[PDB]
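Remarks on the structure that follows.
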Amino acid sequence: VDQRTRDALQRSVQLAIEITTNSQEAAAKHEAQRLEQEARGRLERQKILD
Amino acid sequence: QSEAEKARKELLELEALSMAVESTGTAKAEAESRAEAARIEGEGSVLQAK
(Lines give C-alpha, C1' and ligand atoms only; values in the text may rest on other atoms or scores of the structure.)
Protein backbone atom coordinates (compact mmCIF):
# COMPACT_ATOMS: atom_id res chain seq x y z
CA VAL A 1 0.00 0.00 0.00
CA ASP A 2 2.82 2.39 0.88
CA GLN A 3 4.76 4.16 -1.85
CA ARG A 4 7.92 4.28 0.24
CA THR A 5 7.81 0.52 0.64
CA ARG A 6 7.60 0.22 -3.15
CA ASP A 7 10.55 2.62 -3.51
CA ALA A 8 12.61 0.46 -1.17
CA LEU A 9 12.03 -2.58 -3.38
CA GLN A 10 13.22 -1.05 -6.66
CA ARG A 11 16.56 -0.40 -5.01
CA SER A 12 16.52 -4.11 -4.19
CA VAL A 13 16.47 -4.99 -7.89
CA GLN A 14 18.84 -2.28 -9.07
CA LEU A 15 21.55 -4.20 -7.22
CA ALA A 16 20.56 -7.68 -8.38
CA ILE A 17 21.56 -6.57 -11.89
CA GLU A 18 24.92 -5.25 -10.69
CA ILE A 19 25.64 -8.59 -9.01
CA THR A 20 25.25 -10.33 -12.37
CA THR A 21 27.21 -7.76 -14.39
CA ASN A 22 30.10 -7.69 -11.92
CA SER A 23 30.03 -11.49 -11.99
CA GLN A 24 30.30 -11.70 -15.79
CA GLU A 25 33.09 -9.10 -15.73
CA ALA A 26 34.95 -11.15 -13.13
CA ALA A 27 34.55 -14.35 -15.16
CA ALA A 28 35.79 -12.65 -18.33
CA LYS A 29 38.73 -11.17 -16.40
CA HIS A 30 39.74 -14.57 -15.04
CA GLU A 31 39.56 -16.06 -18.52
CA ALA A 32 41.67 -13.23 -19.94
CA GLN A 33 44.30 -13.81 -17.25
CA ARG A 34 44.33 -17.54 -17.95
CA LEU A 35 44.84 -16.98 -21.67
CA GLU A 36 47.60 -14.41 -21.11
CA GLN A 37 49.35 -16.90 -18.85
CA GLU A 38 49.08 -19.73 -21.39
CA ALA A 39 50.45 -17.48 -24.16
CA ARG A 40 53.36 -16.42 -21.96
CA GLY A 41 54.01 -20.03 -21.03
CA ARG A 42 54.35 -21.14 -24.62
CA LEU A 43 56.48 -18.15 -25.65
CA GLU A 44 58.90 -18.76 -22.77
CA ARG A 45 59.43 -22.37 -23.83
CA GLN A 46 59.90 -21.36 -27.46
CA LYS A 47 62.69 -18.89 -26.60
CA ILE A 48 64.82 -21.58 -24.92
CA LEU A 49 64.05 -23.95 -27.80
CA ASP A 50 65.40 -21.31 -30.19
CA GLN B 1 58.28 -23.36 -15.50
CA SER B 2 58.79 -27.12 -15.37
CA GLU B 3 58.75 -27.44 -19.17
CA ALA B 4 60.86 -24.30 -19.54
CA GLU B 5 63.44 -25.91 -17.24
CA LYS B 6 63.26 -29.17 -19.21
CA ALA B 7 64.34 -27.28 -22.32
CA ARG B 8 66.82 -25.11 -20.40
CA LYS B 9 68.60 -28.29 -19.26
CA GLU B 10 69.35 -29.08 -22.90
CA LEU B 11 70.57 -25.54 -23.59
CA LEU B 12 72.86 -25.82 -20.55
CA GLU B 13 74.13 -29.12 -21.92
CA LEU B 14 75.09 -27.53 -25.23
CA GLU B 15 76.75 -24.48 -23.65
CA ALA B 16 79.02 -26.88 -21.74
CA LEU B 17 80.41 -28.26 -25.00
CA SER B 18 80.77 -24.74 -26.42
CA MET B 19 82.69 -23.57 -23.34
CA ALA B 20 84.88 -26.68 -23.48
CA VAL B 21 85.82 -26.00 -27.12
CA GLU B 22 86.37 -22.28 -26.46
CA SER B 23 88.74 -23.01 -23.57
CA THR B 24 90.73 -25.88 -25.07
CA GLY B 25 91.36 -23.95 -28.30
CA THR B 26 92.98 -21.01 -26.53
CA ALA B 27 95.03 -23.37 -24.34
CA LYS B 28 96.24 -25.51 -27.27
CA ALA B 29 97.17 -22.52 -29.45
CA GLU B 30 99.07 -20.62 -26.77
CA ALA B 31 100.91 -23.80 -25.80
CA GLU B 32 101.89 -24.97 -29.29
CA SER B 33 103.19 -21.58 -30.47
CA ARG B 34 105.65 -21.37 -27.59
CA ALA B 35 106.63 -25.00 -28.11
CA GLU B 36 107.45 -24.31 -31.76
CA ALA B 37 109.46 -21.18 -30.89
CA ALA B 38 111.38 -23.16 -28.27
CA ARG B 39 112.14 -25.86 -30.86
CA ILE B 40 113.47 -23.21 -33.26
CA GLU B 41 115.69 -21.66 -30.57
CA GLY B 42 117.08 -25.06 -29.56
CA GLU B 43 117.90 -26.13 -33.09
CA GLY B 44 119.54 -22.75 -33.57
CA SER B 45 121.62 -23.02 -30.40
CA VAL B 46 123.10 -26.37 -31.49
CA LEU B 47 124.48 -24.76 -34.66
CA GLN B 48 125.58 -21.64 -32.78
CA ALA B 49 127.53 -23.82 -30.36
CA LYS B 50 129.16 -25.67 -33.26
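Quick note on naming: the chains in the C-alpha coordinates go A, B, ... in the order shown, residues restart at 1 in each chain, and ligands are numbered from 1 in order of appearance.
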Contacts from chain B to chain A, 10 Å maximum, only C-alpha atoms: show me the residue list as a ChimeraX atom specification. /B:1-11
Write down as a PyMOL selection string the residues belonging to chain A that are assigned helix (DSSP H, G or I) by DSSP computed on the backbone. chain A and resi 3-10+16-49
For a test of reading the model, state the distance in Å between CA of residue 22 in chain A and CA of residue 6 in chain A, rounded to one decimal.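 Taking CA of residue 22 in chain A and CA of residue 6 in chain A, their separation equals 25.4 Å.
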Using CA of residue 39 in chain A and CA of residue 25 in chain A as the two end points, give the distance in Å to one decimal.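 Pair CA of residue 39 in chain A / CA of residue 25 in chain A returns 21.0 Å.
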